[PDB]
Amino acid sequence: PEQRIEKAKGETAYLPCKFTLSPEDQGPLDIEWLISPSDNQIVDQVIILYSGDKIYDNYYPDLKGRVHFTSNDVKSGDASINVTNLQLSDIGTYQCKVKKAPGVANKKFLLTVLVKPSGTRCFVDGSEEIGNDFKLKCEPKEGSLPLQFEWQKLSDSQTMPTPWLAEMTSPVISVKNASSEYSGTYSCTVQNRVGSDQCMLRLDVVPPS
């Protein structure tokens with residue numbers, strides 16, 4: 001089991017890792033967390049240890065100061081960690097390895113970090129001319145999937161061209177055989193569960209010449 005944990009950038013991830021001891025488990029309690037980041041191909045890197053009743057946490061410089069055991073009494077049965085001020089670079093697989101010999105247990109977490117849509121650009125791809133085919137595009141610079149789009153007409157009738165109604169919730173509107181009546185100011189609003197962004201374009205459909 002690889003449990004998915006999903007949080008937004010800047011929030012804190014809780015990676016729970018509670019454990020029961022068998023009375024047979026007489027060896028010293030030893031706990032190791034390791035990361036395998038997405039951003040690169042290093043694998044199984046120690047980020048924090050509990051060993052000899054002491055915490056060692058100076059391991060992985062990208063996580064400096066941001067990884068802590070959740071509990072104030074780890075030896076009672078809680079190996080959970082907090083990862084605070086989440087960065088996009090913290091996306092990866094986190095493994096909790098608990099040992100109290102002969103007992104050994106592991107668990108993995110797949111951490112994803114979400115970001116709201118931002119830097120969203122609204123633009124026309126093509127010549128804005130009567131009879132032409134061109135494209136209305138709403139392109140976020142950043143934004144975690146799944147993303148929702150919604151075009152609206154801000155100017156004049158405040159009503160989207162009927163032929164475009166099917167692509168109204170799409171990032172791209174593929175305009176065919178353009179009418180001058182399609183002209184106007186249009187808004188693209190993009191959202192995901194973190195947040196929202198909006199942009200605007202002006203369409204001016206003129207005779208081709």
# chains A, B, ... in the order shown; residues from 1 in each chain; ligands from 1
$ select_by_dssp --residues "chain A" --states "strand (DSSP E or B)" --output "ChimeraX atom specification"
/A:2-8,13-15,18,30-37,45-51,54-56,67-69,78,81-83,92-100,103-114,118,121-125,129,134-139,142,148-153,172-175,184-191,196-203,206
$ write_last_selection --atoms "C-alpha atoms" --output "short mmCIF file (atom, residue, chain, number, x, y, z; two decimals), in the first residue's frame"
data_model
loop_
_atom_site.label_atom_id
_atom_site.label_comp_id
_atom_site.auth_asym_id
_atom_site.auth_seq_id
_atom_site.Cartn_x
_atom_site.Cartn_y
_atom_site.Cartn_z
CA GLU A 2 1.29 3.40 -1.15
CA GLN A 3 -1.01 5.94 0.50
CA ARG A 4 -1.50 9.15 -1.47
CA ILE A 5 -1.24 12.41 0.45
CA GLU A 6 -2.10 15.63 -1.32
CA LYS A 7 -1.64 19.07 0.06
CA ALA A 8 -1.23 22.61 -1.26
CA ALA A 13 1.87 17.36 5.28
CA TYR A 14 0.94 14.85 8.02
CA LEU A 15 2.38 11.38 7.25
CA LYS A 18 1.50 4.73 14.25
CA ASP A 30 14.69 2.25 15.52
CA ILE A 31 12.89 4.47 13.07
CA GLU A 32 14.04 5.76 9.72
CA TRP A 33 12.26 7.96 7.19
CA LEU A 34 13.56 8.11 3.65
CA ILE A 35 12.59 10.17 0.62
CA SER A 36 12.74 9.33 -3.09
CA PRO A 37 12.05 12.66 -4.83
CA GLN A 45 17.62 9.15 1.14
CA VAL A 46 17.37 9.43 4.93
CA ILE A 47 15.52 12.59 5.98
CA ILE A 48 15.21 11.82 9.76
CA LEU A 49 16.01 9.10 12.32
CA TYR A 50 14.87 8.05 15.77
CA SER A 51 17.69 5.91 17.23
CA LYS A 54 17.30 10.48 20.09
CA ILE A 55 16.24 12.33 17.00
CA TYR A 56 18.72 12.94 14.15
CA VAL A 67 10.82 17.62 8.96
CA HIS A 68 9.77 16.76 12.51
CA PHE A 69 8.33 13.77 14.33
CA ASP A 78 3.93 7.10 16.91
CA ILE A 81 6.15 13.00 10.69
CA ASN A 82 5.21 16.53 9.73
CA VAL A 83 6.62 18.15 6.57
CA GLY A 92 8.12 12.19 -4.02
CA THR A 93 7.77 8.88 -2.21
CA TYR A 94 8.25 8.98 1.56
CA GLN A 95 9.01 5.73 3.45
CA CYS A 96 8.57 5.12 7.19
CA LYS A 97 10.58 2.13 8.41
CA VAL A 98 9.96 1.04 11.98
CA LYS A 99 12.08 -1.62 13.66
CA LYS A 100 12.06 -3.14 17.13
CA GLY A 103 9.65 -6.80 14.45
CA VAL A 104 10.01 -4.77 11.26
CA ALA A 105 7.35 -2.79 9.40
CA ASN A 106 7.36 -0.34 6.46
CA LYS A 107 4.93 2.00 4.82
CA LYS A 108 5.13 4.32 1.83
CA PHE A 109 3.46 7.56 1.00
CA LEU A 110 3.15 9.23 -2.35
CA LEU A 111 3.23 12.99 -1.69
CA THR A 112 1.87 15.41 -4.26
CA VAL A 113 1.90 19.21 -3.77
CA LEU A 114 -0.85 21.26 -5.45
CA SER A 118 -1.47 31.24 -12.10
CA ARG A 121 -2.66 33.96 -20.51
CA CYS A 122 -5.71 34.58 -22.73
CA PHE A 123 -4.89 34.93 -26.42
CA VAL A 124 -6.06 34.47 -30.02
CA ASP A 125 -4.02 32.06 -32.14
CA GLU A 129 -10.73 37.98 -39.94
CA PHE A 134 -8.57 30.79 -35.43
CA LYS A 135 -8.25 29.80 -31.78
CA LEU A 136 -9.11 31.30 -28.42
CA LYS A 137 -6.64 29.92 -25.89
CA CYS A 138 -6.53 30.10 -22.10
CA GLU A 139 -3.09 28.90 -20.97
CA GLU A 142 1.06 26.89 -13.44
CA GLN A 148 -11.84 23.60 -14.79
CA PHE A 149 -12.25 26.24 -17.47
CA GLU A 150 -15.09 28.58 -18.27
CA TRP A 151 -15.32 31.17 -21.01
CA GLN A 152 -17.75 34.05 -20.76
CA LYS A 153 -18.56 37.13 -22.87
CA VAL A 172 -9.36 26.22 -26.39
CA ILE A 173 -12.21 27.48 -28.55
CA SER A 174 -11.77 26.50 -32.17
CA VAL A 175 -13.49 29.24 -34.16
CA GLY A 184 -16.08 41.24 -28.21
CA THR A 185 -14.36 40.95 -24.85
CA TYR A 186 -14.16 37.47 -23.49
CA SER A 187 -13.13 36.17 -20.08
CA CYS A 188 -11.49 32.84 -19.30
CA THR A 189 -11.76 31.73 -15.65
CA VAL A 190 -9.67 28.70 -14.63
CA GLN A 191 -9.84 26.88 -11.27
CA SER A 196 -8.44 30.39 -9.22
CA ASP A 197 -7.12 32.55 -11.99
CA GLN A 198 -8.75 34.65 -14.71
CA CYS A 199 -7.68 36.34 -17.94
CA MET A 200 -9.29 38.39 -20.70
CA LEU A 201 -8.95 38.97 -24.45
CA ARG A 202 -10.45 41.30 -27.03
CA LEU A 203 -11.58 39.75 -30.30
CA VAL A 206 -12.24 42.42 -39.46
#
$ residues_around --residues "residue 77 in chain A" --least-positions-apart "4" --cutoff "10 Å" --atoms "only C-alpha atoms" --output "PyMOL selection string"
chain A and resi 17-21+29+71+73+98
$ atom_distance --atom1 "CA of residue 53 in chain A" --atom2 "CA of residue 27 in chain A"
12.5 Å
$ closest_residue --among "A:38, A:75, A:91, A:66" --to "residue 52 in chain A" --atoms "only C-alpha atoms"
A:75
$ atom_distance --atom1 "CA of residue 132 in chain A" --atom2 "CA of residue 180 in chain A"
10.5 Å
$ select_by_dssp --residues "range 7-186 of chain A" --states "helix (DSSP H, G or I)" --output "PyMOL selection string"
chain A and resi 61-63+74-76+88-90+162-167+180-182
$ write_last_selection --atoms "N, CA, C and O atoms" --output "compact mmCIF listing (two decimals), in the first residue's frame"
# COMPACT_ATOMS: atom_id res chain seq x y z
N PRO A 61 19.37 18.44 2.76
CA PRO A 61 19.34 19.92 2.86
C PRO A 61 18.09 20.60 2.33
O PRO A 61 17.67 21.57 2.92
N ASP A 62 17.49 20.10 1.27
CA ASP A 62 16.21 20.69 0.79
C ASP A 62 15.10 20.68 1.84
O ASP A 62 14.17 21.47 1.72
N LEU A 63 15.19 19.78 2.84
CA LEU A 63 14.16 19.66 3.88
C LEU A 63 14.57 20.25 5.23
O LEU A 63 13.81 20.20 6.19
N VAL A 74 7.32 9.57 20.79
CA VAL A 74 7.49 8.63 19.69
C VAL A 74 7.55 7.17 20.16
O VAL A 74 6.92 6.31 19.56
N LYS A 75 8.29 6.90 21.23
CA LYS A 75 8.47 5.51 21.69
C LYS A 75 7.17 4.82 22.15
O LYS A 75 7.11 3.59 22.15
N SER A 76 6.13 5.61 22.45
CA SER A 76 4.83 5.05 22.80
C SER A 76 4.07 4.48 21.62
O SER A 76 3.03 3.84 21.81
N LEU A 88 7.01 22.54 -4.09
CA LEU A 88 6.79 21.66 -5.24
C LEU A 88 7.89 20.62 -5.36
O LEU A 88 7.65 19.49 -5.75
N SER A 89 9.09 21.01 -4.98
CA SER A 89 10.21 20.10 -4.97
C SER A 89 10.12 18.93 -3.93
O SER A 89 10.93 18.01 -4.01
N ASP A 90 9.18 18.97 -2.98
CA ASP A 90 9.02 17.89 -1.97
C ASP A 90 8.18 16.69 -2.47
O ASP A 90 7.99 15.71 -1.75
N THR A 162 -23.41 31.07 -30.10
CA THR A 162 -24.03 29.76 -30.10
C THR A 162 -23.10 28.65 -30.60
O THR A 162 -22.99 27.62 -29.98
N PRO A 163 -22.41 28.86 -31.72
CA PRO A 163 -21.53 27.78 -32.15
C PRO A 163 -20.40 27.39 -31.15
O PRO A 163 -19.78 26.36 -31.34
N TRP A 164 -20.14 28.21 -30.14
CA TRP A 164 -19.02 28.00 -29.23
C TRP A 164 -19.47 27.36 -27.92
O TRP A 164 -18.65 27.02 -27.06
N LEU A 165 -20.78 27.21 -27.76
CA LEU A 165 -21.34 26.73 -26.51
C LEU A 165 -20.76 25.38 -26.05
O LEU A 165 -20.66 25.12 -24.85
N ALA A 166 -20.36 24.54 -27.00
CA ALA A 166 -19.82 23.22 -26.71
C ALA A 166 -18.39 23.26 -26.20
O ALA A 166 -17.93 22.30 -25.61
N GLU A 167 -17.69 24.36 -26.47
CA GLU A 167 -16.29 24.51 -26.04
C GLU A 167 -16.13 25.57 -24.95
O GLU A 167 -15.05 26.02 -24.67
N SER A 180 -17.99 38.61 -37.97
CA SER A 180 -17.75 39.86 -37.29
C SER A 180 -18.56 39.96 -35.99
O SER A 180 -18.09 40.58 -35.04
N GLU A 181 -19.73 39.32 -35.94
CA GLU A 181 -20.56 39.26 -34.73
C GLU A 181 -19.90 38.53 -33.54
O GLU A 181 -20.30 38.71 -32.36
N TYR A 182 -18.91 37.68 -33.84
CA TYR A 182 -18.15 37.00 -32.77
C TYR A 182 -17.28 37.96 -31.96
O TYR A 182 -16.84 37.63 -30.86
$ atom_distance --atom1 "CA of residue 195 in chain A" --atom2 "CA of residue 160 in chain A"
24.7 Å
$ closest_residue --among "A:208, A:1, A:171, A:119" --to "residue 147 in chain A" --atoms "only C-alpha atoms"
A:171
$ residues_around --residues "residue 85 in chain A" --least-positions-apart "5" --cutoff "6 Å" --atoms "only C-alpha atoms" --output "number ranges by chain"
A: 10-12
